[PDB]
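What follows is a set of notes on a single structure, which appears directly below.
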Ligand SMILES: Nc1nc2c(ncn2[C@@H]2O[C@@H]3COP(=O)(O)O[C@H]3[C@H]2O)c(=O)[nH]1
Ligand SMILES: Nc1nc2c(ncn2[C@@H]2O[C@@H]3COP(=O)(O)O[C@H]3[C@H]2O)c(=O)[nH]1
Ligand SMILES: Nc1nc2c(ncn2[C@@H]2O[C@@H]3COP(=O)(O)O[C@H]3[C@H]2O)c(=O)[nH]1
Ligand SMILES: Nc1nc2c(ncn2[C@@H]2O[C@@H]3COP(=O)(O)O[C@H]3[C@H]2O)c(=O)[nH]1
Ligand SMILES: [Mg+2]
Ligand SMILES: [Mg+2]
Ligand SMILES: [Zn+2]
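Protein chains in written order, with PDB author numbering: chain B, 7 to 822; chain A, 7 to 822; chain D, 11 to 38, 80 to 86; chain C, 12 to 38, 80 to 86.
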């Protein structure tokens, strides 16, 4: 009524209101004596605002609800600023470009939450540069527009859509640590032509509480999103590192596991091919003209686009995950064409309001009987370390209903990025399978070229003539009758003597003599060894040995025969069971199996694959590995009619004996055998010593280890007419290695391995006798008095070699 | 002036006018910096005006730069004045190793205090367990606790009271709530005037706790969000460094921990790797059992192995980055001297240490370890778990950067990193496994190469250099080898080498080998490409040895196909379209097409799941023969292409690959209509010269023609005279019967009638069907292409007539 | 009904070819005898 | 200082140290051979 007079007289109004008003009030007003706080109404408005703000603070304290608290602030701010309405514009980031969408629109001092809350399907999303709301967010600074008609950045799209007119706009972003959360805006000043300076000063200061709510709401959203990202990376790593699997199994496990944190109604993963080039018989129809060249989409790597398998995850309603090999182009996931486009370009695609999209043919309506309509889509490529796309992951219909924002974009991108690097595990898995298959093929090729065939076994075991049947069909009694007639007797060749010579027998007779050795030990009967298998195994070992100068099949029977002689003629069997003797003689056969002709040192220097695989005792472990592999074959397994405990004991015994042949290992443990033989003199008689020694396991293993060494160097203990020739074979093999070292390794060989210093051989033999063979046979002769012929013969051979070295030394001095 | 009466008559209009034109101004003044206007020097009851001023003062502190410590301190002073108290304190809630703790942050807060006199440094905090104390009672109860008298309280303790020389009579506390998990506790120590704190004082506390909760909630959310972001970044970068490549555990753990050095936020940390040697070799354990050395007595892992930190990597971050790797660290090392990493390996428990020098269990250094005064205060040591629960390392994290002791958030952040590192041991485990597998494969490939290679003694059967010149083959000159070869090799005209009716029945395998070198000489590819004659002879003998001794697909079949190709290229004048190098590769391809044939077709390889089937997918044996042939040619001593150009070698290898892969029938059957068009083009062309010129350029036409030549040479047994075809068909039938028997024995599948041994009398009918099905099309079209191939067509027709007669005789016999 | 007077779609006042995010590539005496 | 503690954090009850347990609970042609 009289408002115009009061406006025309600001001084009178200030003076009148500054008067102290009576104790009487209007309505309640929480009058705890507050009529005169330097103004009649100042306390009344202070009390009302303090009470109103306190209620807002209580709302923030429990069950944080930004929409309601901001609504109350905006509703109160509408009366404060006299703006016809207020609004809230949330900030979102999609595809790397910022957008702003409405959450609370056209709030009035007499409005309610239901009439102001904007559902996600009714959002007016505003890019950063198509409105004043965009200009405020881009500048990160408040904007006060007195009249909007002349505003360069204004767009009438929103006010024409809602049938409204705007004249003055206030807006400021709600920053949170340099990041924009939202921008509250008030429009249409109802009282004045525009918004004054004091009106705007209130807008900044009164909005601190609204800033706090959005700061709390933003932090809670960020905290929850980062928590979910940490879980998916942790769960994916757990499933990826579970084992080595192909792409399909590894990707299926990871995506299925993290289905809880994704918050997507549906998502499908399509796997791309990796065939870089087609084979020739597929190129011929294209080049000749029988078929047309492929002209469809291609990867950035220049690869044909073909999803050979699409995995479908359905999380809305019922969980019925499907895997579709060779999916058709009519598949609901691939029909839209977005998974295709992502693979062509390698982009990250975020789609809001999918039915309104134009480039991608998204389905018009429901997909299945459940009436599920695709609304928001997010697709990214799965790229490995070599910058190649191996698949496309596409997520649909965020569970909350809001479009896929930046936080969801980085959550799924991290999952795909981690899984992309995990492709190296699949590539390693494929390579390992290829290596294993290639090794098995090579092993089979080894076995055939080494195993005795059907026609070769007839030389030792003729059954097609005596009986007319193949050996696999003859009974064991018949086979023994054939062998007993064919095999040489114990007296035909002196296999029982320390002076046995193998230079007057053919290789076939050596194999036969080997079979005779097993028969004399009695191991054929008690262990029920298949006689056909025994012959086949012995021939296979003979073929397994190479055709080199010294480390040939002949060395491997002489060591075996010497071990047989030691057990039976040296009477060292008293400490060993028949089974232990059975394994001990066999280790003599495989003592130098597949020896390449070069010592252990040459393997390391030449960097053979043997050196990398073993490291210590390179060749000795190689012989054990090859011998056990040869024994693992069914047709060559003499250790087949044995108990599991017995078979393991035989294998374990073979491991020590084979590796004990290494001279480096012998030199470090020969003192232990010196202690053991000294303990023999402590005892009274051999009977007591036999009883004590036959029970101790480590002591028996130590003696057997140097029993390998004694048999290994047994060639020296042979008579001089044999040692002289064998030493030449040993020297020739070492010269062959010496020539090899000079050729490829380009290293000067030692005088022992040098062909030029061949005249020094007698001196080297004497030094080697006085270094290694002296200890082994001296202690064994002291240990067992039956080994004395091995020691006397060595001394005679040392005397013969000493004379030759002296004669060579005299010739050199005479020449000098 | 009369309007003043109007305003007084209706004060509601005056209030509305003020709410219109002065409320914004008043709120702006209140929300300005300003200060509290309440007299804090008395204890009068708080008026609603004073209540509003206090509330506005608290809301003033609500800014973007929300310093939690300062803002809580102010409301603590306001609570002091409101509650009439003497002092209050605030304790943060920290979670050590499972057991929660309460540590002070704001202490001794009175109405006339400042932040500097109340803020508590991390080294001045008073940690409190949950069990003891009124504060511990508050946190456990999760509700407000009022203590009218400390003497009667059952949880009151005098530890701080003695420590601070203060006496507490009345304790009033309340835990700050952020959801359910407690964040801080604010408590009061005394009442200035009054027996205790009344219910009105309690109501004030919960009323004013809203601001404290809001300030504390923001701080807690920010800390949690930052910790989750750090965890996510740690996991992502660690995954990137793990999946960079496949390496050992030392290099892998180095990369991941060095990369996350910024996110870790630790001044120092060191990781010690445990040795994985579970079991020691026999020679290493002999002295222990023999008494030479005493057994191990030191710390032992839960798995039973000795604790041996063989390699420790330490990271120094407080000053200059000094990352160091210490192989075989001594116990004097700063990380292991305390014994905490040793203890963790013993047990396997996550350990958080606060004030390590004050600890007595471990001998932590109590002196500055660095020249700058760096001193160990907080330590966190955790295991690396591993998939098999076998601890592979111990990660120890030293002093935190901010100075606060390690809490549950840092425990979880490092726990995720250690769990991920323990999961990422499959890669180092696979790295060693793949290396060992590759070495074993190389060893066995060397074995097969030696077993198939012709040795130096066998080559003298052809290249008799020793009996002619006395030198080794590798020493003789090129001319000398030719003269020996010229005398030794057979004559092409005498043996009918370039004929279509060549029979290998009256020739030995060595003679067939000698024939092939003669074919190579006749093709004039030896002088043109300067092929080493010694390698050429050795290559053919190695092929002969590599060919298996199985019934049909033996070396004789390999030579006959090559003989057929040579006879084609020479007699049928099919070399006009092919270069000399192409002729050289084609004959070699024909010779090597069936190298190392197991004797079973492709179907048996798939059905039996042979390692060839797993490796090769489409053409099992044909790819294997190509692979083995290329491996044979790769050998230096067997390479006949060593003198070819890089382009020339690649062209020959590609052409050989085409031929050998096309040798199969499945590819031939599909790509045979193309051959029908090729001969049709020849007939369309007028004279042979233009057509020959066209073929001399076009490559896809030549390659298809070559495949037809291969599939015609492979089936060339059918076109040989009846005396030869009668025997070869029996060999083919015998091989198929062997494969059928193998199928029936191994796979329990009924063999097909072609492969059935029982249906041996149906062989003529099957041969007639095979002739009408496969060979007829090839030999009819080849005869049309070249008139010189007519004798081939005559041969197949006669053989088909004989087989038809035999089939008719068998049918007549079965008719009855 | 909604106060924004739009149903069934987050209507965008921008009409143009959509832009899609690029992938992040920010590295995110014994020796005498050969023994 | 306010808490009268200069050296380091102090605990009222001092016994043998306690350590957390490791987290493990969460994780015609066919006739012829072809
Ligand atoms: N009807 C109505 N329109 C608004 C409201 N708030 C903002 N707008 C309008 O939405 C528009 C978005 O872009 P502008 O900021 O340039 O200008 C704005 C205003 O014209 C509101 O509360 N009600
Ligand atoms: N100098 C010399 N060394 C030998 C002799 N006999 C064996 N060796 C060496 O001793 C080693 C042990 O047995 P090996 O056959 O494995 O290889 C042998 C050779 O290296 C020999 O008579 N003279
Ligand atoms: N001197 C002093 N002592 C306090 C303060 N706050 C808490 N305390 C004391 O620290 C103690 C912790 O255990 P109690 O809760 O049983 O009792 C408490 C009080 O006695 C403070 O601000 N100043
Ligand atoms: N039924 C039948 N098949 C043959 C005959 N000759 C060759 N084949 C088949 O044709 C194939 C040609 O390639 P292969 O030599 O590897 O194996 C051969 C055999 O499988 C034959 O005389 N009769
Ligand atoms: Mg050896
Ligand atoms: Mg073949
Ligand atoms: Zn063939």
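From the three backbone atoms N, C-alpha and C, an ideal C-beta is built for every residue, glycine too.
Burial state of residue i, where buried means 16 or more other Cβ atoms lie within 10 Å
i                      : result
residue 40 of chain A  : exposed
residue 651 of chain A : exposed
residue 421 of chain B : buried
residue 59 of chain A  : buried
residue 131 of chain A : buried
residue 185 of chain B : exposed
residue 329 of chain B : exposed
residue 633 of chain A : buried
Which listed residue (the options) has its alpha carbon closest to that of residue i
i                      : options                       : result
residue 793 of chain A : A:757, A:689 and A:758        : A:689
residue 160 of chain A : A:148, A:139, A:171 and A:176 : A:139
residue 712 of chain A : A:595, A:699 and A:649        : A:595
residue 525 of chain B : B:537, B:516 and B:515        : B:537
residue 682 of chain B : B:806, B:64, B:788 and B:212  : B:788
residue 404 of chain A : A:352, A:395 and A:341        : A:341
residue 570 of chain A : A:603, A:16 and A:502         : A:502
residue 17 of chain C  : A:165, A:34 and A:169         : A:169
residue 315 of chain B : B:396, B:506 and B:104        : B:396
C-beta atoms of residue i and residue j nearer than 8 Å
i                      : j                      : result
residue 385 of chain A : residue 280 of chain A : no
residue 61 of chain A  : residue 226 of chain B : no
residue 678 of chain A : residue 776 of chain A : no
residue 533 of chain B : residue 648 of chain B : yes
residue 231 of chain B : residue 413 of chain B : yes
residue 284 of chain A : residue 306 of chain A : no
residue 377 of chain B : residue 306 of chain B : no
residue 448 of chain B : residue 451 of chain A : yes
residue 660 of chain B : residue 589 of chain B : yes
residue 19 of chain D  : residue 359 of chain B : yes
Beta-ladder partner(s) of residue i, from DSSP
i                      : result
residue 99 of chain B  : B:104
residue 187 of chain A : A:184
residue 317 of chain A : A:279 and A:333
Integer Cβ distance of residue i from residue j, believed to fall under 8 Å
i                      : j                      : result
residue 496 of chain A : residue 528 of chain A : At roughly 11 Å, the Cβ-Cβ gap does not stay under 8 Å, so residue 496 of chain A and residue 528 of chain A are not in contact.
residue 434 of chain A : residue 258 of chain A : 6 Å
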